[PDB]
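Structure, as structure tokens:
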There are 2 protein chains.
Amino acid sequence: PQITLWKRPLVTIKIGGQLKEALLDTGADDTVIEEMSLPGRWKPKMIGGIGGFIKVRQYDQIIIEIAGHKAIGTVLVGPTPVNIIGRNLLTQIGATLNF
Amino acid sequence: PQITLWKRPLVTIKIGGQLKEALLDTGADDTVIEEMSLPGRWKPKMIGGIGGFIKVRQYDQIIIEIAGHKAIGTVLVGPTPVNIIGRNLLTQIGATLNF
Ligand SMILES: COc1ccc(S(=O)(=O)N(CC(C)C)C[C@@H](O)[C@H](Cc2ccccc2)NC(=O)O[C@@H]2CCOCOC2)cc1
Ligand SMILES: [Cl-]
Ligand SMILES: [Cl-]
Ligand SMILES: [Cl-]
Ligand code: NA
Ligand code: NA
């Protein structure tokens, strides 16, 4: 699809057996999801943006279905105010910004 | 152009006769740039990023070139890890997300 930017570019994702809404975010290096459990190993990380930093858990090799398209990569889990699909997964679904 | 997302989507902007680097950010409703001098009056705005809420200065109707494309619109001035071009100006330059 061609997604407009007149509104937030929100899509449905499936992660850890759960459906969630998330923002397609070209400004995000990494994918960040609100608190949830995921299986496997994790390690702590700090990520920063407007307003400063939050502590997250870094889970590697997580599959996420994004608007119907599967992709695997690292997912950060923590107290983000919005679920964010970042570049690490946007590349894997072939997303581009066009103008 | 068609911009892929394997690296950060950084572009040159021109504001106030000066060239700066900025990030094309579909996850940002608004455009936020680092401390600089802009003409005219400003109004207060609170914006909430990943780390919390901050105060910024809102300047309306500012001339700004984004990757060679002219725009005239609202610019927020305040502390940010990088200048971000949000949807208010991405729509003016005709950007969409595609996959
Ligand atoms: C390392 O991976 C990262 C992933 C995401 C972020 S971020 O969420 O902080 N962010 C980075 C950007 C500030 C460089 C992505 C943004 O797209 C962020 C995404 C976002 C959106 C809403 C709330 C929290 C985060 N948007 C944002 O800050 O927009 C501001 C703040 C909102 O006000 C209106 O727009 C301006 C930081 C690190
Ligand atoms: Cl990854
Ligand atoms: Cl590609
Ligand atoms: Cl505007
Ligand atoms: Na893992
Ligand atoms: Na000033």
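In the structure tokens, chains take the letters A, B, ... in the order shown, each chain's residues start at 1, and ligands count up from 1 in the order shown.
For ligand 5, the set of protein, DNA and RNA residues within 9 Å, based on only C-alpha atoms and all ligand atoms, reads residues 38, 39, 40, 41, 42, 58, 59, 60, 61, 62, 73 and 74 of chain A.
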Can I get the selection written as a PDB file, in the first residue's frame, with N, CA and C atoms?
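Here's the written file result_0.pdb:
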ATOM      1  N   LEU A  38       7.849 -11.590  26.253  1.00  0.00           N
ATOM      2  CA  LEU A  38       8.322 -12.297  25.053  1.00  0.00           C
ATOM      3  C   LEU A  38       9.234 -13.432  25.500  1.00  0.00           C
ATOM      4  N   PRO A  39       9.288 -14.514  24.716  1.00  0.00           N
ATOM      5  CA  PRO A  39      10.158 -15.648  25.161  1.00  0.00           C
ATOM      6  C   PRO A  39      11.621 -15.371  24.845  1.00  0.00           C
ATOM      7  N   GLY A  40      12.504 -16.102  25.525  1.00  0.00           N
ATOM      8  CA  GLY A  40      13.918 -16.077  25.249  1.00  0.00           C
ATOM      9  C   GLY A  40      14.662 -15.093  26.082  1.00  0.00           C
ATOM     10  N   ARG A  41      15.917 -14.951  25.667  1.00  0.00           N
ATOM     11  CA  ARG A  41      16.892 -14.164  26.365  1.00  0.00           C
ATOM     12  C   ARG A  41      16.652 -12.678  26.136  1.00  0.00           C
ATOM     13  N   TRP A  42      17.000 -11.835  27.104  1.00  0.00           N
ATOM     14  CA  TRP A  42      17.036 -10.385  26.835  1.00  0.00           C
ATOM     15  C   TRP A  42      18.160  -9.768  27.605  1.00  0.00           C
ATOM     16  N   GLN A  58      15.924  -5.708  25.595  1.00  0.00           N
ATOM     17  CA  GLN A  58      16.271  -6.004  24.204  1.00  0.00           C
ATOM     18  C   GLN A  58      16.131  -7.494  24.005  1.00  0.00           C
ATOM     19  N   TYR A  59      15.178  -7.903  23.182  1.00  0.00           N
ATOM     20  CA  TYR A  59      14.949  -9.273  22.748  1.00  0.00           C
ATOM     21  C   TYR A  59      15.393  -9.413  21.297  1.00  0.00           C
ATOM     22  N   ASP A  60      16.261 -10.388  20.996  1.00  0.00           N
ATOM     23  CA  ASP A  60      16.706 -10.585  19.632  1.00  0.00           C
ATOM     24  C   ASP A  60      15.914 -11.705  18.970  1.00  0.00           C
ATOM     25  N   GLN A  61      15.889 -11.678  17.640  1.00  0.00           N
ATOM     26  CA  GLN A  61      15.303 -12.761  16.831  1.00  0.00           C
ATOM     27  C   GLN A  61      13.835 -12.993  17.175  1.00  0.00           C
ATOM     28  N   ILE A  62      13.042 -11.906  17.148  1.00  0.00           N
ATOM     29  CA  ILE A  62      11.605 -11.945  17.363  1.00  0.00           C
ATOM     30  C   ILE A  62      10.902 -11.765  16.036  1.00  0.00           C
ATOM     31  N   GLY A  73      13.530  -9.662  13.777  1.00  0.00           N
ATOM     32  CA  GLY A  73      14.614  -8.832  14.221  1.00  0.00           C
ATOM     33  C   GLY A  73      14.511  -8.565  15.716  1.00  0.00           C
ATOM     34  N   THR A  74      15.297  -7.572  16.124  1.00  0.00           N
ATOM     35  CA  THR A  74      15.337  -7.185  17.524  1.00  0.00           C
ATOM     36  C   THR A  74      14.111  -6.350  17.849  1.00  0.00           C
TER      37      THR A  74
END
Chain A on chain B, least-squares, complete ordered Cα pairing, as a short mmCIF file (atom, residue, chain, number, x, y, z; two decimals) with N, CA, C and O atoms, in the first residue's frame:
data_model
loop_
_atom_site.label_atom_id
_atom_site.label_comp_id
_atom_site.auth_asym_id
_atom_site.auth_seq_id
_atom_site.Cartn_x
_atom_site.Cartn_y
_atom_site.Cartn_z
N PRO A 1 12.94 11.27 -4.99
CA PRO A 1 13.78 10.09 -4.74
C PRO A 1 13.01 9.05 -3.94
O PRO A 1 11.98 9.28 -3.31
N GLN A 2 13.51 7.86 -3.99
CA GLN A 2 13.13 6.74 -3.14
C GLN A 2 14.24 6.58 -2.10
O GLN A 2 15.41 6.27 -2.42
N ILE A 3 13.84 6.79 -0.86
CA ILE A 3 14.82 6.74 0.21
C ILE A 3 14.75 5.45 0.96
O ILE A 3 13.68 5.02 1.42
N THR A 4 15.90 4.81 1.12
CA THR A 4 15.91 3.54 1.80
C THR A 4 15.78 3.73 3.29
O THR A 4 16.08 4.77 3.87
N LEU A 5 15.34 2.66 3.96
CA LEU A 5 15.28 2.68 5.43
C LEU A 5 16.31 1.81 6.07
O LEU A 5 16.31 1.62 7.28
N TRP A 6 17.28 1.29 5.25
CA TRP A 6 18.37 0.61 5.84
C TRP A 6 19.18 1.51 6.76
O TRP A 6 19.85 1.03 7.68
N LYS A 7 19.19 2.79 6.50
CA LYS A 7 19.88 3.80 7.31
C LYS A 7 18.86 4.87 7.71
O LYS A 7 17.79 4.98 7.12
N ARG A 8 19.21 5.74 8.65
CA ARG A 8 18.32 6.86 8.99
C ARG A 8 18.05 7.72 7.76
O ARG A 8 19.00 8.02 7.01
N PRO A 9 16.82 8.13 7.54
CA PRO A 9 16.48 8.95 6.35
C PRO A 9 16.73 10.40 6.61
O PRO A 9 15.88 11.24 6.90
N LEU A 10 18.00 10.77 6.55
CA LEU A 10 18.49 12.10 6.76
C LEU A 10 18.56 12.87 5.47
O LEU A 10 19.00 12.35 4.47
N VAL A 11 18.15 14.12 5.53
CA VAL A 11 18.23 15.03 4.40
C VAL A 11 18.76 16.37 4.84
O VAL A 11 18.77 16.72 6.04
N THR A 12 19.23 17.17 3.88
CA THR A 12 19.61 18.54 4.13
C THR A 12 18.39 19.44 4.03
O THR A 12 17.62 19.33 3.09
N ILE A 13 18.27 20.30 4.99
CA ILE A 13 17.24 21.34 4.98
C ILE A 13 17.88 22.71 5.11
O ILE A 13 19.04 22.86 5.57
N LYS A 14 17.13 23.70 4.66
CA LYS A 14 17.52 25.09 4.83
C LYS A 14 16.40 25.79 5.62
O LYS A 14 15.26 25.74 5.13
N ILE A 15 16.72 26.39 6.73
CA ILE A 15 15.74 27.01 7.59
C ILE A 15 16.41 28.24 8.21
O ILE A 15 17.52 28.13 8.70
N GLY A 16 15.73 29.38 8.17
CA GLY A 16 16.30 30.57 8.76
C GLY A 16 17.64 30.92 8.23
O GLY A 16 18.44 31.46 9.03
N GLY A 17 17.91 30.60 7.00
CA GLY A 17 19.18 30.93 6.37
C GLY A 17 20.27 29.92 6.70
O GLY A 17 21.43 30.14 6.31
N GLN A 18 19.98 28.86 7.41
CA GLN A 18 20.93 27.90 7.93
C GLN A 18 20.74 26.54 7.27
O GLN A 18 19.63 26.06 7.16
N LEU A 19 21.79 25.84 6.88
CA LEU A 19 21.72 24.47 6.45
C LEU A 19 21.86 23.54 7.66
O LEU A 19 22.73 23.76 8.52
N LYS A 20 20.99 22.54 7.73
CA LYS A 20 20.98 21.57 8.77
C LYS A 20 20.63 20.19 8.21
O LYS A 20 20.05 20.08 7.17
N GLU A 21 21.00 19.15 8.95
CA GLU A 21 20.60 17.80 8.62
C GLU A 21 19.39 17.46 9.48
O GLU A 21 19.35 17.79 10.68
N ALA A 22 18.42 16.80 8.89
CA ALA A 22 17.22 16.45 9.64
C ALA A 22 16.71 15.07 9.17
O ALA A 22 16.92 14.61 8.03
N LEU A 23 16.00 14.47 10.10
CA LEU A 23 15.43 13.15 9.90
C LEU A 23 14.04 13.32 9.30
O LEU A 23 13.27 14.11 9.82
N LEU A 24 13.73 12.56 8.24
CA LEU A 24 12.37 12.50 7.75
C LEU A 24 11.63 11.54 8.64
O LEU A 24 12.02 10.37 8.70
N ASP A 25 10.63 12.02 9.36
CA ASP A 25 10.06 11.22 10.45
C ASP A 25 8.52 11.09 10.40
O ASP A 25 7.78 11.98 10.82
N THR A 26 8.06 9.96 9.87
CA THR A 26 6.63 9.71 9.76
C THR A 26 5.97 9.57 11.13
O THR A 26 4.73 9.71 11.19
N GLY A 27 6.70 9.30 12.17
CA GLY A 27 6.15 9.17 13.50
C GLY A 27 6.01 10.48 14.22
O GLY A 27 5.46 10.48 15.34
N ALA A 28 6.46 11.57 13.66
CA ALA A 28 6.42 12.88 14.28
C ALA A 28 5.25 13.69 13.72
O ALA A 28 5.21 13.95 12.50
N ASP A 29 4.32 14.14 14.56
CA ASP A 29 3.26 14.97 14.04
C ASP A 29 3.76 16.30 13.50
O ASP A 29 3.25 16.80 12.50
N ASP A 30 4.71 16.87 14.22
CA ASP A 30 5.25 18.18 14.02
C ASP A 30 6.74 18.15 13.77
O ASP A 30 7.42 17.19 14.10
N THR A 31 7.23 19.21 13.18
CA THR A 31 8.63 19.45 12.90
C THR A 31 9.31 20.09 14.10
O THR A 31 8.78 21.09 14.65
N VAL A 32 10.46 19.56 14.51
CA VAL A 32 11.17 19.98 15.67
C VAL A 32 12.64 20.18 15.35
O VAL A 32 13.29 19.25 14.89
N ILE A 33 13.13 21.38 15.60
CA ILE A 33 14.50 21.77 15.25
C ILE A 33 15.24 22.17 16.50
O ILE A 33 14.66 22.79 17.40
N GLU A 34 16.53 21.84 16.57
CA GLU A 34 17.39 22.25 17.68
C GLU A 34 17.42 23.78 17.80
O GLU A 34 17.10 24.54 16.88
N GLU A 35 17.82 24.26 18.99
CA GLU A 35 17.74 25.68 19.26
C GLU A 35 18.43 26.51 18.22
O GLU A 35 19.59 26.31 17.86
N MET A 36 17.70 27.53 17.75
CA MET A 36 18.10 28.51 16.80
C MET A 36 17.14 29.66 16.91
O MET A 36 16.02 29.50 17.43
N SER A 37 17.54 30.83 16.41
CA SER A 37 16.63 31.94 16.31
C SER A 37 15.80 31.89 15.00
O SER A 37 16.30 31.51 13.94
N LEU A 38 14.55 32.25 15.10
CA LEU A 38 13.68 32.45 13.92
C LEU A 38 12.93 33.76 14.11
O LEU A 38 12.67 34.16 15.25
N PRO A 39 12.58 34.42 13.00
CA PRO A 39 11.86 35.72 13.17
C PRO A 39 10.39 35.50 13.47
O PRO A 39 9.83 34.44 13.17
N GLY A 40 9.75 36.53 14.01
CA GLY A 40 8.33 36.55 14.23
C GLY A 40 7.93 36.08 15.59
O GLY A 40 8.71 35.89 16.54
N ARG A 41 6.62 35.92 15.69
CA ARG A 41 5.96 35.60 16.92
C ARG A 41 6.16 34.13 17.28
O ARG A 41 6.26 33.31 16.39
N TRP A 42 6.18 33.81 18.57
CA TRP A 42 6.12 32.39 18.97
C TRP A 42 5.33 32.27 20.24
O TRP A 42 5.06 33.25 20.95
N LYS A 43 4.97 31.01 20.54
CA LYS A 43 4.32 30.73 21.82
C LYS A 43 4.88 29.43 22.36
O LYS A 43 5.32 28.54 21.62
N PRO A 44 4.82 29.25 23.68
CA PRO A 44 5.36 28.02 24.27
C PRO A 44 4.45 26.84 24.07
O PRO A 44 3.26 26.94 23.99
N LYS A 45 5.09 25.65 24.02
CA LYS A 45 4.41 24.38 23.81
C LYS A 45 5.19 23.29 24.54
O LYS A 45 6.42 23.41 24.65
N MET A 46 4.55 22.21 24.95
CA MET A 46 5.20 21.02 25.43
C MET A 46 4.88 19.87 24.49
O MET A 46 3.73 19.68 24.12
N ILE A 47 5.93 19.11 24.12
CA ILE A 47 5.76 17.93 23.27
C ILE A 47 6.45 16.74 23.92
O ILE A 47 7.41 16.88 24.64
N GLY A 48 5.85 15.55 23.68
CA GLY A 48 6.24 14.39 24.42
C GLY A 48 6.49 13.21 23.57
O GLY A 48 5.91 13.00 22.51
N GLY A 49 7.36 12.34 24.02
CA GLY A 49 7.73 11.13 23.30
C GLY A 49 8.43 10.20 24.28
O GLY A 49 8.20 10.27 25.46
N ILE A 50 9.27 9.32 23.72
CA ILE A 50 9.99 8.44 24.66
C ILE A 50 10.85 9.27 25.55
O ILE A 50 11.56 10.16 25.09
N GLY A 51 10.86 8.98 26.82
CA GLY A 51 11.63 9.74 27.75
C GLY A 51 10.89 10.94 28.31
O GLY A 51 11.45 11.55 29.21
N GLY A 52 9.73 11.29 27.84
CA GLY A 52 8.93 12.37 28.43
C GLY A 52 8.87 13.56 27.52
O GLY A 52 8.94 13.47 26.31
N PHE A 53 8.66 14.74 28.13
CA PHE A 53 8.34 15.94 27.44
C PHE A 53 9.47 16.95 27.43
O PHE A 53 10.30 16.97 28.37
N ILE A 54 9.51 17.77 26.40
CA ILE A 54 10.37 18.94 26.35
C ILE A 54 9.49 20.18 26.08
O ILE A 54 8.47 20.09 25.38
N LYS A 55 9.98 21.32 26.53
CA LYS A 55 9.40 22.61 26.19
C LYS A 55 10.05 23.16 24.93
O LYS A 55 11.25 23.17 24.78
N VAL A 56 9.19 23.64 24.03
CA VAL A 56 9.62 24.19 22.74
C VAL A 56 8.93 25.55 22.55
O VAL A 56 7.94 25.89 23.18
N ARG A 57 9.45 26.30 21.59
CA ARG A 57 8.83 27.49 21.03
C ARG A 57 8.19 27.15 19.68
O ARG A 57 8.82 26.56 18.82
N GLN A 58 6.93 27.53 19.56
CA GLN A 58 6.14 27.26 18.36
C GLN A 58 6.15 28.51 17.51
O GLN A 58 5.59 29.53 17.91
N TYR A 59 6.76 28.44 16.34
CA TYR A 59 6.79 29.47 15.32
C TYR A 59 5.89 29.05 14.17
O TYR A 59 6.06 27.98 13.63
N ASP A 60 4.93 29.90 13.77
CA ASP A 60 4.06 29.56 12.66
C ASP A 60 4.54 30.22 11.38
O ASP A 60 5.25 31.20 11.38
N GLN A 61 4.13 29.64 10.25
CA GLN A 61 4.38 30.22 8.92
C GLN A 61 5.87 30.42 8.66
O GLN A 61 6.32 31.50 8.27
N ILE A 62 6.65 29.34 8.85
CA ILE A 62 8.08 29.31 8.57
C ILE A 62 8.31 28.52 7.30
O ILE A 62 7.83 27.42 7.14
N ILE A 63 9.11 29.10 6.38
CA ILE A 63 9.49 28.38 5.16
C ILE A 63 10.76 27.52 5.40
O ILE A 63 11.75 27.97 5.99
N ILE A 64 10.73 26.29 4.91
CA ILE A 64 11.85 25.38 4.98
C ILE A 64 12.02 24.64 3.66
O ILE A 64 11.10 24.05 3.11
N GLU A 65 13.26 24.64 3.21
CA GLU A 65 13.58 23.92 1.97
C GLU A 65 14.09 22.52 2.41
O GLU A 65 15.01 22.46 3.17
N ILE A 66 13.42 21.48 1.95
CA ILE A 66 13.68 20.10 2.40
C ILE A 66 14.17 19.33 1.21
O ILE A 66 13.35 19.15 0.29
N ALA A 67 15.45 18.96 1.25
CA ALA A 67 16.01 18.24 0.07
C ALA A 67 15.66 18.98 -1.23
O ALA A 67 15.25 18.33 -2.20
N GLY A 68 15.74 20.32 -1.24
CA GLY A 68 15.36 21.05 -2.43
C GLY A 68 13.92 21.44 -2.67
O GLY A 68 13.56 22.08 -3.68
N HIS A 69 13.01 21.07 -1.76
CA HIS A 69 11.58 21.29 -2.01
C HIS A 69 11.11 22.30 -0.98
O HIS A 69 11.27 22.07 0.22
N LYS A 70 10.51 23.40 -1.41
CA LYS A 70 10.06 24.39 -0.41
C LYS A 70 8.72 23.96 0.17
O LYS A 70 7.85 23.34 -0.43
N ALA A 71 8.55 24.35 1.43
CA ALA A 71 7.31 24.15 2.15
C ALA A 71 7.20 25.11 3.32
O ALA A 71 8.22 25.51 3.90
N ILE A 72 5.96 25.38 3.66
CA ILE A 72 5.75 26.34 4.78
C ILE A 72 4.90 25.67 5.84
O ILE A 72 3.99 24.88 5.52
N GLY A 73 5.17 25.97 7.09
CA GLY A 73 4.32 25.52 8.16
C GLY A 73 4.92 25.88 9.51
O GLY A 73 5.79 26.68 9.64
N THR A 74 4.35 25.24 10.52
CA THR A 74 4.78 25.47 11.89
C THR A 74 6.08 24.72 12.14
O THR A 74 6.22 23.57 11.75
N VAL A 75 6.99 25.37 12.83
CA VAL A 75 8.23 24.76 13.30
C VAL A 75 8.35 24.95 14.79
O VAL A 75 8.19 26.07 15.31
N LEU A 76 8.65 23.85 15.49
CA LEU A 76 8.90 23.88 16.91
C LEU A 76 10.40 23.91 17.11
O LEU A 76 11.13 23.17 16.44
N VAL A 77 10.88 24.74 18.03
CA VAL A 77 12.30 24.92 18.30
C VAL A 77 12.56 24.63 19.76
O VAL A 77 11.93 25.24 20.64
N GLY A 78 13.51 23.72 20.04
CA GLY A 78 13.82 23.41 21.41
C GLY A 78 14.87 22.33 21.51
O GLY A 78 15.52 22.03 20.52
N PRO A 79 15.05 21.79 22.71
CA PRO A 79 16.21 20.92 23.00
C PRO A 79 15.96 19.50 22.54
O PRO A 79 16.06 18.55 23.35
N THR A 80 15.63 19.30 21.29
CA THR A 80 15.54 17.97 20.69
C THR A 80 16.90 17.41 20.43
O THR A 80 17.80 18.13 19.95
N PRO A 81 17.13 16.12 20.64
CA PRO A 81 18.43 15.57 20.33
C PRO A 81 18.73 15.41 18.85
O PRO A 81 19.87 15.13 18.48
N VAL A 82 17.76 15.53 17.96
CA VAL A 82 17.88 15.38 16.53
C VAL A 82 16.89 16.32 15.88
O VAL A 82 15.78 16.51 16.37
N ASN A 83 17.23 16.90 14.72
CA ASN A 83 16.28 17.69 13.94
C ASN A 83 15.33 16.72 13.23
O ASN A 83 15.79 15.76 12.61
N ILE A 84 14.06 17.02 13.33
CA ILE A 84 12.98 16.15 12.86
C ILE A 84 12.07 16.90 11.93
O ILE A 84 11.50 17.94 12.31
N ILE A 85 11.88 16.39 10.73
CA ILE A 85 10.86 16.88 9.79
C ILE A 85 9.66 15.98 10.00
O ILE A 85 9.71 14.77 9.70
N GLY A 86 8.60 16.52 10.53
CA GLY A 86 7.41 15.78 10.83
C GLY A 86 6.35 15.89 9.73
O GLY A 86 6.55 16.52 8.69
N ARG A 87 5.22 15.23 10.00
CA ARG A 87 4.19 15.08 8.98
C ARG A 87 3.68 16.40 8.46
O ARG A 87 3.29 16.50 7.29
N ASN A 88 3.65 17.43 9.30
CA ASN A 88 3.10 18.71 8.85
C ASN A 88 3.84 19.27 7.65
O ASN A 88 3.24 20.02 6.89
N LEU A 89 5.13 18.96 7.50
CA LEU A 89 5.92 19.35 6.33
C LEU A 89 6.10 18.23 5.34
O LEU A 89 6.18 18.51 4.13
N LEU A 90 6.14 16.97 5.80
CA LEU A 90 6.27 15.87 4.86
C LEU A 90 5.11 15.86 3.86
O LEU A 90 5.29 15.53 2.71
N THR A 91 3.90 16.17 4.33
CA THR A 91 2.78 16.18 3.39
C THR A 91 3.00 17.18 2.26
O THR A 91 2.59 16.94 1.14
N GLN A 92 3.63 18.31 2.56
CA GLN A 92 3.73 19.43 1.63
C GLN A 92 4.75 19.16 0.53
O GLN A 92 4.69 19.81 -0.51
N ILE A 93 5.69 18.25 0.77
CA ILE A 93 6.62 17.82 -0.27
C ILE A 93 6.14 16.55 -0.96
O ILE A 93 6.84 15.99 -1.81
N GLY A 94 4.98 16.03 -0.62
CA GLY A 94 4.39 14.86 -1.26
C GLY A 94 5.03 13.57 -0.82
O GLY A 94 5.06 12.61 -1.57
N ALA A 95 5.54 13.50 0.40
CA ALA A 95 6.19 12.27 0.85
C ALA A 95 5.18 11.20 1.21
O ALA A 95 4.20 11.46 1.88
N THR A 96 5.49 9.98 0.82
CA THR A 96 4.65 8.83 1.13
C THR A 96 5.54 7.68 1.60
O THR A 96 6.72 7.61 1.26
N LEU A 97 4.96 6.80 2.40
CA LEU A 97 5.63 5.59 2.83
C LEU A 97 5.05 4.44 2.00
O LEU A 97 3.83 4.25 1.98
N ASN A 98 5.85 3.67 1.29
CA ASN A 98 5.46 2.67 0.28
C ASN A 98 5.98 1.32 0.68
O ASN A 98 7.16 1.17 1.00
N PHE A 99 5.12 0.32 0.61
CA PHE A 99 5.53 -1.09 0.77
C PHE A 99 4.49 -1.98 0.13
O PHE A 99 4.61 -3.22 0.25
#
- Message: Just list as a ChimeraX atom specification whatever in range 8-68 of chain B DSSP marks as strand (DSSP E or B).
- Response: /B:10-15,18-24,32-33,43-49,52-66
Please write the residues from the selection above to a file, keeping N, CA and C atoms, as an mmCIF file, in the first residue's frame.
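And here is the file that came out, again_36.cif:
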data_model
loop_
_atom_site.group_PDB
_atom_site.id
_atom_site.type_symbol
_atom_site.label_atom_id
_atom_site.label_comp_id
_atom_site.auth_asym_id
_atom_site.auth_seq_id
_atom_site.Cartn_x
_atom_site.Cartn_y
_atom_site.Cartn_z
ATOM 1 N N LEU B 10 18.391 10.918 6.511
ATOM 2 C CA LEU B 10 18.881 12.246 6.738
ATOM 3 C C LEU B 10 18.895 13.017 5.447
ATOM 4 N N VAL B 11 18.478 14.281 5.501
ATOM 5 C CA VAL B 11 18.451 15.177 4.364
ATOM 6 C C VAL B 11 19.006 16.532 4.802
ATOM 7 N N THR B 12 19.316 17.374 3.833
ATOM 8 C CA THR B 12 19.624 18.747 4.070
ATOM 9 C C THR B 12 18.385 19.586 4.061
ATOM 10 N N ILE B 13 18.242 20.457 5.041
ATOM 11 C CA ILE B 13 17.198 21.452 5.093
ATOM 12 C C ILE B 13 17.851 22.837 5.020
ATOM 13 N N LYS B 14 17.067 23.815 4.627
ATOM 14 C CA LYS B 14 17.533 25.217 4.625
ATOM 15 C C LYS B 14 16.499 26.025 5.354
ATOM 16 N N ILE B 15 16.936 26.726 6.386
ATOM 17 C CA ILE B 15 16.036 27.501 7.224
ATOM 18 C C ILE B 15 16.831 28.707 7.653
ATOM 19 N N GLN B 18 20.386 29.073 6.286
ATOM 20 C CA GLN B 18 21.400 28.169 6.748
ATOM 21 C C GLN B 18 21.036 26.743 6.419
ATOM 22 N N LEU B 19 22.006 25.981 6.007
ATOM 23 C CA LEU B 19 21.844 24.552 5.783
ATOM 24 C C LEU B 19 22.029 23.800 7.091
ATOM 25 N N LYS B 20 21.164 22.829 7.322
ATOM 26 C CA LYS B 20 21.246 21.942 8.490
ATOM 27 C C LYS B 20 20.893 20.545 8.032
ATOM 28 N N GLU B 21 21.251 19.549 8.832
ATOM 29 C CA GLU B 21 20.840 18.174 8.595
ATOM 30 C C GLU B 21 19.588 17.886 9.403
ATOM 31 N N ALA B 22 18.665 17.114 8.857
ATOM 32 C CA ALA B 22 17.486 16.703 9.594
ATOM 33 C C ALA B 22 17.044 15.302 9.171
ATOM 34 N N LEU B 23 16.316 14.663 10.047
ATOM 35 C CA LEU B 23 15.804 13.324 9.915
ATOM 36 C C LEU B 23 14.391 13.338 9.445
ATOM 37 N N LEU B 24 14.049 12.669 8.354
ATOM 38 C CA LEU B 24 12.667 12.510 7.936
ATOM 39 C C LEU B 24 11.991 11.496 8.848
ATOM 40 N N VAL B 32 10.624 19.449 14.731
ATOM 41 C CA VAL B 32 11.364 19.950 15.892
ATOM 42 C C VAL B 32 12.796 20.151 15.522
ATOM 43 N N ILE B 33 13.296 21.371 15.707
ATOM 44 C CA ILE B 33 14.671 21.663 15.392
ATOM 45 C C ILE B 33 15.356 22.263 16.609
ATOM 46 N N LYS B 43 4.664 30.831 20.274
ATOM 47 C CA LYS B 43 3.677 30.377 21.220
ATOM 48 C C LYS B 43 4.169 29.142 21.921
ATOM 49 N N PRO B 44 3.655 28.831 23.086
ATOM 50 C CA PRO B 44 4.159 27.703 23.831
ATOM 51 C C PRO B 44 3.516 26.404 23.318
ATOM 52 N N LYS B 45 4.254 25.303 23.416
ATOM 53 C CA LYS B 45 3.714 23.994 23.124
ATOM 54 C C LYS B 45 4.458 22.985 23.981
ATOM 55 N N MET B 46 3.730 21.990 24.458
ATOM 56 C CA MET B 46 4.237 20.821 25.140
ATOM 57 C C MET B 46 4.194 19.624 24.193
ATOM 58 N N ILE B 47 5.313 18.931 24.045
ATOM 59 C CA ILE B 47 5.280 17.733 23.184
ATOM 60 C C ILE B 47 5.828 16.574 23.980
ATOM 61 N N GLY B 48 5.233 15.414 23.717
ATOM 62 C CA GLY B 48 5.613 14.212 24.507
ATOM 63 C C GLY B 48 6.311 13.265 23.582
ATOM 64 N N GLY B 49 7.581 13.040 23.882
ATOM 65 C CA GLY B 49 8.393 12.082 23.170
ATOM 66 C C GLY B 49 8.590 10.826 23.972
ATOM 67 N N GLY B 52 9.329 11.501 27.783
ATOM 68 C CA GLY B 52 8.463 12.399 28.514
ATOM 69 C C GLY B 52 8.170 13.687 27.712
ATOM 70 N N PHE B 53 7.526 14.602 28.461
ATOM 71 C CA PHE B 53 7.055 15.866 27.886
ATOM 72 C C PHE B 53 8.072 16.975 28.058
ATOM 73 N N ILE B 54 8.232 17.846 27.112
ATOM 74 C CA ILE B 54 9.072 18.994 27.132
ATOM 75 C C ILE B 54 8.336 20.183 26.524
ATOM 76 N N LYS B 55 8.794 21.329 26.981
ATOM 77 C CA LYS B 55 8.365 22.630 26.392
ATOM 78 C C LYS B 55 9.230 23.008 25.192
ATOM 79 N N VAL B 56 8.549 23.496 24.159
ATOM 80 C CA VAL B 56 9.207 23.986 22.973
ATOM 81 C C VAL B 56 8.587 25.330 22.580
ATOM 82 N N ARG B 57 9.243 26.034 21.681
ATOM 83 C CA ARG B 57 8.748 27.264 21.125
ATOM 84 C C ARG B 57 8.121 27.004 19.746
ATOM 85 N N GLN B 58 6.902 27.388 19.546
ATOM 86 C CA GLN B 58 6.188 27.168 18.292
ATOM 87 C C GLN B 58 6.228 28.407 17.456
ATOM 88 N N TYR B 59 6.851 28.340 16.281
ATOM 89 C CA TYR B 59 6.905 29.396 15.290
ATOM 90 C C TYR B 59 6.052 28.966 14.104
ATOM 91 N N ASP B 60 5.062 29.750 13.747
ATOM 92 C CA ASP B 60 4.209 29.435 12.611
ATOM 93 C C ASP B 60 4.671 30.063 11.288
ATOM 94 N N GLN B 61 4.347 29.428 10.185
ATOM 95 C CA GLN B 61 4.515 30.043 8.885
ATOM 96 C C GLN B 61 5.954 30.412 8.571
ATOM 97 N N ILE B 62 6.854 29.457 8.828
ATOM 98 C CA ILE B 62 8.299 29.568 8.584
ATOM 99 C C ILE B 62 8.652 28.926 7.274
ATOM 100 N N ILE B 63 9.434 29.650 6.456
ATOM 101 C CA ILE B 63 9.939 29.159 5.206
ATOM 102 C C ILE B 63 11.057 28.151 5.479
ATOM 103 N N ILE B 64 10.940 26.956 4.905
ATOM 104 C CA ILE B 64 11.915 25.907 5.081
ATOM 105 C C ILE B 64 11.993 24.990 3.885
ATOM 106 N N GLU B 65 13.201 24.756 3.391
ATOM 107 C CA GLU B 65 13.411 23.861 2.253
ATOM 108 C C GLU B 65 13.813 22.514 2.792
ATOM 109 N N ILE B 66 13.261 21.437 2.285
ATOM 110 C CA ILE B 66 13.515 20.077 2.785
ATOM 111 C C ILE B 66 13.958 19.230 1.585
#
- Item | In chain A, DSSP alpha helix (DSSP H) residues written as a VMD selection string | chain A and resid 87 to 90
